[PDB]
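Q: Protein sequences appear in the order of chains A and B. Counting in the authors' numbering, the first sequence runs from 515 upward without gaps. Counting in the authors' numbering, the second sequence runs from 218 upward without gaps.
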Amino acid sequence: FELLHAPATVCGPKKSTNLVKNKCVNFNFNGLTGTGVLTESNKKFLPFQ
Amino acid sequence: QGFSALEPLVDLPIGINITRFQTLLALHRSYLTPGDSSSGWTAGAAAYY
């Protein structure tokens with residue numbers, strides 16, 4: 515196993531979990547963290563944002 | 218002249234050290250050219266900034 519000043523390249527894998535909606539919940543999306551209610555939305559992002 | 222945005226294209230984990238770069242470009246050859254590696258070549262015209 516190699517550890518270096520360079521970035522990591524082999525990992526995990528991570529575990530995904532089921533989505534839930536309208537309830538007040540803790541959420542952890544792609545390493546972003548917060549709490550709230552989730553609902554669907556009309557606005558469109560760009561595909562890389 | 219004019220205005221436009223630049224998108225993100227790709228990201229690579231290449232932890233190397235960089236100091237210089239070189240542009241890689243094609244040279245044309247044909248029955249019209251002598252075809253010699255040193256002198257029998259045609260560039261057309263091209264420009265970069």
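Ideal Cβ placement from N, Cα and C applies to all residues, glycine included.
Along the segment 231-256 of chain B, what residues have a CB closer than 7 Å to any CB found in chain A?
A: Here the close residues are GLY232.
Q: Tell me whether the segment 237-249 of chain B and the segment 257-264 of chain B touch, counting them as touching only if at least three CB pairs, one residue from each stretch, are closer than 8 Å.
A: Yes, since at least three Cβ pairs between the segment 237-249 of chain B and the segment 257-264 of chain B fall closer than 8 Å, the two stretches touch.
Q: If you draw a straight line from the C-alpha of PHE515/A to the C-alpha of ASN234/B, how long is it?
A: So the alpha carbons of these two residues sit roughly 23 Å apart.
Q: Give the interface partners of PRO521/A over in chain B, defined as CB-CB distance under 8 Å, in chain order.
A: What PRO521/A touches in chain B: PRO230, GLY232.
Q: For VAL551/A, which beta-bridge partners are listed by DSSP?
A: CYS538/A, per the DSSP bridge assignment.
Q: Opposite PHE238/B in the DSSP bridges: which residues?
A: Per DSSP, none; premise fails for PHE238/B.
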